Amino acid sequence: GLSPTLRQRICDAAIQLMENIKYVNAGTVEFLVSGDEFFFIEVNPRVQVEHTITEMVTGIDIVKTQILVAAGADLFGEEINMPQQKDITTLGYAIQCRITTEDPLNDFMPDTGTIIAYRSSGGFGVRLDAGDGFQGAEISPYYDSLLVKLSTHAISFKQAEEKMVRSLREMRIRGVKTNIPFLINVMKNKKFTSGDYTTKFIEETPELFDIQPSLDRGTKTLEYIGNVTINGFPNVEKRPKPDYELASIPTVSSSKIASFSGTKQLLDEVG
Amino acid sequence: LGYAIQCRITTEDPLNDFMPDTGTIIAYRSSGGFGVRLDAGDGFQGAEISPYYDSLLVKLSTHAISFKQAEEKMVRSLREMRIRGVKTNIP
Amino acid sequence: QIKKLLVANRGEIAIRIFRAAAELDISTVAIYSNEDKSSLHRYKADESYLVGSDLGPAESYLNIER
Amino acid sequence: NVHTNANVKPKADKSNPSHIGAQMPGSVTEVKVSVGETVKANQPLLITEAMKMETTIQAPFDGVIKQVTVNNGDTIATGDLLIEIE
């Protein structure tokens, strides 16, 4: 969405700061943009949670580089292998979605509990930095309840969008009720795809709080079978499961039947 | 952008004429992480391996700025892999 | 020139760093709290050590001296 | 015993209107009357659970409960004596 020569100035602005104060290792320089003017906000003197997204478009392992820099290795040497500043660019577009316990059905309150099931993704450029969500492990309210970071990467913004959508739809976290359905709407948003959105984008778009009743029928039939196996069934004497007599079912083709003409067809002709 | 390396993890015994081993996998672990891509086939903790198709447990591809970096990423992932119950071509 | 590296952290970032370190042939060390005895990150390292059993998992990752 | 699940009940004599017998194998869910009580005809005096299903046992007439052979959560067998009335 931003103009080409705008981001150059914002990058230069960052470089001018960090080079002026002899910065060592990885750091982020935050800004605030309006119209055509950079405004320095803060510096985060470490890696950020959302580093992957940039690692996917530039092609540099940021975390790896940190260790080597700390090891005293040179930025353009055999170890770090960093391209010259004029050689560093971005291939395609990458997006990162945050998945936390925080209820969208209850004013974003982190939830204490034990997960009953977790289900991953995979595919072309789909990073699944899993923290709290893996097995049947209980999570503590004391820690930032980061369940999963979810990152996708593609040459098209639209293609990175639909990559995120499918991954979001393939997710399955139960016990807790997550921010997923919300996030899918953001990815299918014409004003998100367009590029120009404010930090007020969410509040002024109320239909992003629109939840769909997505049933997990599989879970439901596992729950039914489980309940009946253990607790029995009303009016049914607790005994060994049938299919005692494996008497296989006689069958006739749809074709044959589609041709049959009897009293139904008669009604349709004569009344 | 950078260099990419692929190899396929199979049940070929590197000691025994690269002959596809059969049977059940009783323990399966896998790597991952930035610039590592795993395309799984028959490699998972569940079912057994039939000798009827081409052997392929996991397609493993890695990607980094330098080629050497891409290699050291590939090596680690191979070492991180754990597969029990069948011989593999990993070593 | 680094031989072994400890992550003053938990979760996916710890795993990520261990992997980066392993790629550089660096031995790794994980710290875990009393509630992170089952955190995946504890296992994805060469060495595991408990951070204060007498200092609740609330405070553990922030106690500089231990 | 530790609860009363080992307890063997006498069989209700079928040709005596005083004796009420268990109709099905069930579980005593709720005892509602005690020895020496008087309630109207159709009084719900005992609640059994056959198999996830629940039926109240009713008095056939007016009278005084002489004995209650069961306690809450007790297993019963077909033909087991449960109540005697006058």
# chains A, B, ... in the order shown; residues from 1 in each chain; ligands from 1

$ residues_around --residues "residue 75 in chain D" --least-positions-apart "2" --cutoff "7 Å" --atoms "only C-alpha atoms" --output "MDAnalysis selection string"
chainID D and resid 5 26:28 73

$ write_last_selection --atoms "N, CA and C atoms" --output "PDB file, in the first residue's frame"
ATOM      1  N   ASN D   5     -24.820 -53.302  49.398  1.00  0.00           N
ATOM      2  CA  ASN D   5     -24.924 -53.953  48.086  1.00  0.00           C
ATOM      3  C   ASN D   5     -24.763 -55.486  48.090  1.00  0.00           C
ATOM      4  N   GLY D  26     -33.388 -53.721  38.819  1.00  0.00           N
ATOM      5  CA  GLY D  26     -33.125 -52.285  38.865  1.00  0.00           C
ATOM      6  C   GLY D  26     -32.212 -51.847  39.997  1.00  0.00           C
ATOM      7  N   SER D  27     -32.216 -50.543  40.253  1.00  0.00           N
ATOM      8  CA  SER D  27     -31.470 -49.949  41.351  1.00  0.00           C
ATOM      9  C   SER D  27     -32.397 -49.018  42.093  1.00  0.00           C
ATOM     10  N   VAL D  28     -32.377 -49.089  43.419  1.00  0.00           N
ATOM     11  CA  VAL D  28     -33.177 -48.185  44.238  1.00  0.00           C
ATOM     12  C   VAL D  28     -32.548 -46.793  44.211  1.00  0.00           C
ATOM     13  N   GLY D  73     -29.752 -46.653  46.555  1.00  0.00           N
ATOM     14  CA  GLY D  73     -28.628 -47.189  45.791  1.00  0.00           C
ATOM     15  C   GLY D  73     -28.446 -48.690  45.911  1.00  0.00           C
TER      16      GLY D  73
END

$ closest_atom_pairs --of "chain C" --to "chain B" --cutoff "9 Å" --atoms "only C-alpha atoms" --output "tab-separated table"
residue	atom	partner	partner_atom	distance
C:15	CA	B:33	CA	8.6
C:16	CA	B:33	CA	6.6
C:19	CA	B:33	CA	7.6
C:20	CA	B:73	CA	8.4
C:22	CA	B:76	CA	6.7
C:23	CA	B:72	CA	5.5
C:24	CA	B:72	CA	7.5
C:25	CA	B:72	CA	8.9

$ closest_residue --among "A:77, A:35, A:141, A:4" --to "residue 35 in chain C" --atoms "only C-alpha atoms"
A:141

$ residues_around --residues "residue 237 in chain A" --least-positions-apart "2" --cutoff "12 Å" --atoms "only C-alpha atoms" --output "PyMOL selection string"
(chain A and resi 228+231-235+239-241) or (chain D and resi 24-26+50-53)

$ closest_atom_pairs --of "chain C" --to "chain A" --cutoff "8 Å" --atoms "only C-alpha atoms" --output "Markdown table"
| residue | atom | partner | partner_atom | distance |
| --- | --- | --- | --- | --- |
| C:1 | CA | A:71 | CA | 4.7 |
| C:2 | CA | A:71 | CA | 5.9 |
| C:11 | CA | A:131 | CA | 4.5 |
| C:12 | CA | A:131 | CA | 4.6 |
| C:13 | CA | A:129 | CA | 7.8 |
| C:16 | CA | A:63 | CA | 7.8 |
| C:17 | CA | A:63 | CA | 6.6 |
| C:20 | CA | A:64 | CA | 5.1 |
| C:21 | CA | A:64 | CA | 7.1 |
| C:35 | CA | A:140 | CA | 7.5 |
| C:38 | CA | A:137 | CA | 7.2 |
| C:39 | CA | A:132 | CA | 7.5 |
| C:40 | CA | A:131 | CA | 7.7 |
| C:58 | CA | A:142 | CA | 6.0 |

$ residues_around --residues "range 7-20 of chain D" --least-positions-apart "6" --cutoff "8 Å" --atoms "only C-alpha atoms" --output "PyMOL selection string"
chain D and resi 69+79-86

$ write_last_selection --atoms "N, CA and C atoms" --output "mmCIF file, in the first residue's frame"
data_model
loop_
_atom_site.group_PDB
_atom_site.id
_atom_site.type_symbol
_atom_site.label_atom_id
_atom_site.label_comp_id
_atom_site.auth_asym_id
_atom_site.auth_seq_id
_atom_site.Cartn_x
_atom_site.Cartn_y
_atom_site.Cartn_z
ATOM 1 N N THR D 69 -37.789 -53.209 52.414
ATOM 2 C CA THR D 69 -36.670 -54.151 52.339
ATOM 3 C C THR D 69 -35.385 -53.538 51.777
ATOM 4 N N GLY D 79 -38.734 -60.194 41.318
ATOM 5 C CA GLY D 79 -39.422 -60.988 42.337
ATOM 6 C C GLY D 79 -38.967 -60.713 43.759
ATOM 7 N N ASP D 80 -38.024 -59.782 43.913
ATOM 8 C CA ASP D 80 -37.549 -59.342 45.226
ATOM 9 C C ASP D 80 -38.625 -58.561 45.966
ATOM 10 N N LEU D 81 -38.833 -58.898 47.235
ATOM 11 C CA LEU D 81 -39.743 -58.131 48.081
ATOM 12 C C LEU D 81 -39.191 -56.723 48.303
ATOM 13 N N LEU D 82 -40.052 -55.723 48.158
ATOM 14 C CA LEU D 82 -39.640 -54.343 48.371
ATOM 15 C C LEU D 82 -40.426 -53.681 49.500
ATOM 16 N N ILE D 83 -41.748 -53.852 49.476
ATOM 17 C CA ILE D 83 -42.650 -53.202 50.426
ATOM 18 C C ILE D 83 -43.755 -54.160 50.861
ATOM 19 N N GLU D 84 -44.174 -54.033 52.117
ATOM 20 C CA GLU D 84 -45.395 -54.670 52.609
ATOM 21 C C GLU D 84 -46.338 -53.619 53.201
ATOM 22 N N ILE D 85 -47.610 -53.664 52.795
ATOM 23 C CA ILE D 85 -48.640 -52.744 53.304
ATOM 24 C C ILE D 85 -49.818 -53.528 53.906
ATOM 25 N N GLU D 86 -50.706 -52.830 54.619
ATOM 26 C CA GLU D 86 -51.928 -53.431 55.174
ATOM 27 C C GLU D 86 -53.196 -52.967 54.438
#

$ closest_atom_pairs --of "chain A" --to "chain B" --cutoff "12 Å" --atoms "only C-alpha atoms" --output "tab-separated table"
residue	atom	partner	partner_atom	distance
A:51	CA	B:34	CA	10.6
A:52	CA	B:34	CA	7.4
A:53	CA	B:34	CA	10.1
A:54	CA	B:34	CA	11.2
A:55	CA	B:34	CA	8.2
A:56	CA	B:35	CA	8.1
A:57	CA	B:1	CA	9.2
A:58	CA	B:1	CA	8.0
A:59	CA	B:65	CA	5.9
A:60	CA	B:65	CA	6.0
A:61	CA	B:64	CA	7.4
A:62	CA	B:34	CA	10.0
A:63	CA	B:34	CA	9.8
A:64	CA	B:69	CA	9.9
A:65	CA	B:69	CA	11.1
A:76	CA	B:66	CA	11.5
A:77	CA	B:66	CA	10.9
A:78	CA	B:66	CA	8.8
A:79	CA	B:69	CA	8.3
A:80	CA	B:66	CA	8.7
A:81	CA	B:66	CA	6.2
A:82	CA	B:65	CA	7.5
A:83	CA	B:65	CA	8.5
A:87	CA	B:1	CA	10.3
A:88	CA	B:1	CA	9.6
A:89	CA	B:1	CA	9.2
A:90	CA	B:1	CA	9.2
A:91	CA	B:1	CA	7.6
A:92	CA	B:1	CA	11.0
A:121	CA	B:38	CA	11.2
A:122	CA	B:38	CA	8.1
A:123	CA	B:39	CA	8.0
A:124	CA	B:37	CA	7.8
A:125	CA	B:37	CA	7.8
A:126	CA	B:37	CA	8.8
A:127	CA	B:34	CA	6.9
A:128	CA	B:33	CA	7.8
A:129	CA	B:33	CA	7.4
A:130	CA	B:33	CA	10.0
A:151	CA	B:34	CA	10.3
A:152	CA	B:34	CA	11.4
A:153	CA	B:35	CA	11.3

$ select_by_dssp --residues "range 33-89 of chain A" --states "strand (DSSP E)" --output "ChimeraX atom specification"
/A:40-44

$ select_by_dssp --residues "range 175-260 of chain A" --states "helix (DSSP H, G or I)" --output "PyMOL selection string"
chain A and resi 180-187+190-194+206-209+217-231+254-259

$ write_last_selection --atoms "N, CA, C and O atoms" --output "compact mmCIF listing (two decimals), in the first residue's frame"
# COMPACT_ATOMS: atom_id res chain seq x y z
N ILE A 180 -9.52 -17.86 16.07
CA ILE A 180 -9.50 -18.34 14.67
C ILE A 180 -10.56 -17.71 13.74
O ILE A 180 -10.19 -17.05 12.76
N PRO A 181 -11.86 -17.88 14.04
CA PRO A 181 -12.93 -17.45 13.11
C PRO A 181 -12.83 -15.96 12.78
O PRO A 181 -13.08 -15.55 11.64
N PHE A 182 -12.45 -15.18 13.79
CA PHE A 182 -12.14 -13.77 13.66
C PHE A 182 -11.07 -13.57 12.58
O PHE A 182 -11.30 -12.84 11.60
N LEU A 183 -9.94 -14.26 12.73
CA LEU A 183 -8.78 -14.10 11.85
C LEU A 183 -9.05 -14.42 10.37
O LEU A 183 -8.45 -13.82 9.49
N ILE A 184 -9.96 -15.36 10.12
CA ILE A 184 -10.34 -15.74 8.76
C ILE A 184 -11.02 -14.58 8.02
O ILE A 184 -10.75 -14.35 6.83
N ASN A 185 -11.88 -13.85 8.73
CA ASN A 185 -12.57 -12.68 8.18
C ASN A 185 -11.62 -11.56 7.78
O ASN A 185 -11.85 -10.85 6.80
N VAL A 186 -10.55 -11.40 8.57
CA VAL A 186 -9.53 -10.39 8.31
C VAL A 186 -8.77 -10.71 7.02
O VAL A 186 -8.36 -9.80 6.29
N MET A 187 -8.61 -12.00 6.74
CA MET A 187 -7.91 -12.46 5.54
C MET A 187 -8.77 -12.39 4.29
O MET A 187 -8.25 -12.32 3.18
N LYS A 190 -11.45 -6.98 1.80
CA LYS A 190 -11.06 -6.16 0.65
C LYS A 190 -10.18 -4.97 1.03
O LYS A 190 -9.35 -4.53 0.24
N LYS A 191 -10.38 -4.45 2.24
CA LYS A 191 -9.59 -3.33 2.74
C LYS A 191 -8.28 -3.79 3.39
O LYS A 191 -7.37 -2.98 3.62
N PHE A 192 -8.18 -5.08 3.68
CA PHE A 192 -6.92 -5.66 4.13
C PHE A 192 -6.07 -6.02 2.92
O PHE A 192 -4.86 -5.76 2.91
N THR A 193 -6.71 -6.61 1.91
CA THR A 193 -6.04 -6.95 0.65
C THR A 193 -5.55 -5.69 -0.07
O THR A 193 -4.43 -5.67 -0.59
N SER A 194 -6.38 -4.64 -0.06
CA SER A 194 -6.07 -3.37 -0.70
C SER A 194 -4.71 -2.82 -0.28
O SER A 194 -3.93 -2.36 -1.12
N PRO A 206 -16.74 -3.59 12.61
CA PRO A 206 -17.41 -4.42 13.63
C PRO A 206 -17.79 -5.83 13.17
O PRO A 206 -17.91 -6.73 14.01
N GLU A 207 -17.96 -6.03 11.87
CA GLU A 207 -18.35 -7.34 11.33
C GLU A 207 -17.24 -8.40 11.40
O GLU A 207 -17.43 -9.54 10.98
N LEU A 208 -16.08 -8.01 11.93
CA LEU A 208 -14.98 -8.94 12.18
C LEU A 208 -15.19 -9.73 13.48
O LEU A 208 -14.48 -10.70 13.75
N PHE A 209 -16.16 -9.29 14.28
CA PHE A 209 -16.59 -10.01 15.47
C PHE A 209 -17.74 -10.97 15.15
O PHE A 209 -18.45 -11.43 16.05
N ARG A 217 -18.27 -32.33 13.88
CA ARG A 217 -19.12 -33.53 13.90
C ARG A 217 -18.36 -34.79 14.33
O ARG A 217 -18.93 -35.66 14.98
N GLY A 218 -17.09 -34.87 13.95
CA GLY A 218 -16.24 -36.01 14.30
C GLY A 218 -16.11 -36.11 15.81
O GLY A 218 -16.34 -37.17 16.39
N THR A 219 -15.76 -34.99 16.43
CA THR A 219 -15.64 -34.88 17.88
C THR A 219 -16.95 -35.28 18.56
O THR A 219 -16.95 -35.94 19.61
N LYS A 220 -18.06 -34.88 17.94
CA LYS A 220 -19.38 -35.12 18.49
C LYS A 220 -19.76 -36.60 18.46
O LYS A 220 -20.39 -37.08 19.40
N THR A 221 -19.38 -37.32 17.41
CA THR A 221 -19.70 -38.74 17.33
C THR A 221 -18.76 -39.60 18.17
O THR A 221 -19.17 -40.62 18.72
N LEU A 222 -17.50 -39.16 18.31
CA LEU A 222 -16.59 -39.75 19.29
C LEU A 222 -17.13 -39.59 20.71
O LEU A 222 -17.01 -40.51 21.54
N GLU A 223 -17.72 -38.43 20.99
CA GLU A 223 -18.33 -38.17 22.29
C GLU A 223 -19.58 -39.01 22.53
O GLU A 223 -19.80 -39.48 23.64
N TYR A 224 -20.39 -39.20 21.48
CA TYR A 224 -21.59 -40.03 21.59
C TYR A 224 -21.23 -41.50 21.87
O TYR A 224 -21.74 -42.09 22.82
N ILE A 225 -20.38 -42.06 21.02
CA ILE A 225 -19.95 -43.44 21.15
C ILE A 225 -19.34 -43.67 22.52
O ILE A 225 -19.66 -44.65 23.20
N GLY A 226 -18.47 -42.75 22.94
CA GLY A 226 -17.82 -42.85 24.24
C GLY A 226 -18.81 -42.89 25.39
O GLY A 226 -18.68 -43.71 26.31
N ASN A 227 -19.80 -42.01 25.33
CA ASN A 227 -20.82 -41.91 26.36
C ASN A 227 -21.65 -43.19 26.47
O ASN A 227 -21.90 -43.68 27.58
N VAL A 228 -22.05 -43.73 25.33
CA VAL A 228 -22.89 -44.92 25.31
C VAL A 228 -22.11 -46.18 25.69
O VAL A 228 -22.63 -47.02 26.42
N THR A 229 -20.88 -46.30 25.20
CA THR A 229 -20.00 -47.40 25.58
C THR A 229 -19.86 -47.49 27.10
O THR A 229 -20.02 -48.55 27.68
N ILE A 230 -19.55 -46.36 27.73
CA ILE A 230 -19.31 -46.34 29.16
C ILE A 230 -20.62 -46.38 29.97
O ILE A 230 -20.75 -47.17 30.89
N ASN A 231 -21.59 -45.54 29.60
CA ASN A 231 -22.79 -45.37 30.41
C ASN A 231 -24.03 -46.14 29.95
O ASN A 231 -25.05 -46.13 30.63
N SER A 254 -28.71 -47.98 -8.97
CA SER A 254 -29.48 -46.76 -9.17
C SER A 254 -30.03 -46.69 -10.59
O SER A 254 -31.17 -46.29 -10.79
N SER A 255 -29.19 -47.06 -11.55
CA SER A 255 -29.58 -47.07 -12.95
C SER A 255 -30.89 -47.82 -13.13
O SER A 255 -31.89 -47.24 -13.56
N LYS A 256 -30.89 -49.11 -12.76
CA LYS A 256 -32.08 -49.96 -12.88
C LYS A 256 -33.31 -49.27 -12.31
O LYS A 256 -34.34 -49.16 -12.99
N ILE A 257 -33.19 -48.80 -11.07
CA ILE A 257 -34.26 -48.13 -10.34
C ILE A 257 -34.72 -46.83 -11.01
O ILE A 257 -35.93 -46.56 -11.09
N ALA A 258 -33.77 -46.05 -11.51
CA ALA A 258 -34.08 -44.83 -12.27
C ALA A 258 -34.99 -45.11 -13.47
O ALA A 258 -35.73 -44.23 -13.92
N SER A 259 -34.94 -46.35 -13.98
CA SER A 259 -35.77 -46.77 -15.10
C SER A 259 -37.14 -47.29 -14.66
O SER A 259 -38.10 -47.22 -15.43

$ closest_residue --among "D:39, D:32, D:1, D:47" --to "residue 76 in chain D" --atoms "only C-alpha atoms"
D:47

$ residues_around --residues "residue 18 in chain B" --least-positions-apart "3" --cutoff "12 Å" --atoms "only C-alpha atoms" --output "list in words"
residues 10, 11, 12, 13, 14, 15, 21, 55, 87, 88, 89 and 90 of chain B

$ atom_distance --atom1 "CA of residue 33 in chain D" --atom2 "CA of residue 45 in chain D"
5.4 Å

$ atom_distance --atom1 "CA of residue 176 in chain A" --atom2 "CA of residue 101 in chain A"
6.3 Å
